[PDB]
């Protein structure tokens, strides 16, 4: 069967970090559900792009499991993900069932909030390092994309393509990732 991805979309999410992975994952033939943290209604992103989710997280979470759970960044978006008991449950289940978790920019700080993947190497946006590293529960990396087993992290809007292609490679392999990459006109 086709792989499935859950992208959790909260108010204040970085819209580039949401749309690039959704689009690239769909190019890879992955079934992506854009799930609204707050419910079914349109979501106002950090730079005021308004995105209509495919489903509420409440509904989407009952349609698991997913091959990857994707956490976009955006400072406020990531704070909303960090405060969510529903997100906690989803991430813990994903970690338990040995499933990929991918987070970008401020997104990885939600892993800290929910105590996910301690002892991994991770990266974040430079400005999110101190939050992520509070307590020394991870080892910090400056790689544009970092992958330590099932914890896949990345740095910012400008690393979103690399982040998304790394998810494609992890799920569908290097050849599919290369095939999806070529038409994008990446440098």
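Positions refer to the first chain, counted from 1.
Pick between 130 to 138 and 61 to 69: the one whose mean CA B-factor in the entry is higher.
Per the deposited B-factors, the answer is 61 to 69.
Out of 165 to 173 and 15 to 23, which stretch has the higher average CA B-factor listed in the record?
The deposited B-factors put 165 to 173 ahead on the C-alpha mean.
Position of residue 32 among the chain's modelled residues by C-alpha B-factor, lowest, middle or highest third:
For residue 32, whose C-alpha B-factor we compare with every modelled residue in the chain, the answer is the middle third.
Would you mind ranking residue 155 by its C-alpha B-factor against the rest of the chain and naming the third, lowest, middle or highest?
For residue 155, the deposited C-alpha B-factor lands in the lowest third.
Hey, what third does residue 47 fall into on Cα B-factor, ranked over its chain?
Lowest third.
Third of chain Cα B-factors occupied by residue 125:
For residue 125, whose C-alpha B-factor we compare with every modelled residue in the chain, the answer is the lowest third.
Comparing against every modelled residue in the chain, figure out the third that the C-alpha B-factor of residue 182 lands in (lowest, middle or highest).
Its C-alpha B-factor, which the entry lists for residue 182, ranks in the middle third among residues of this chain.
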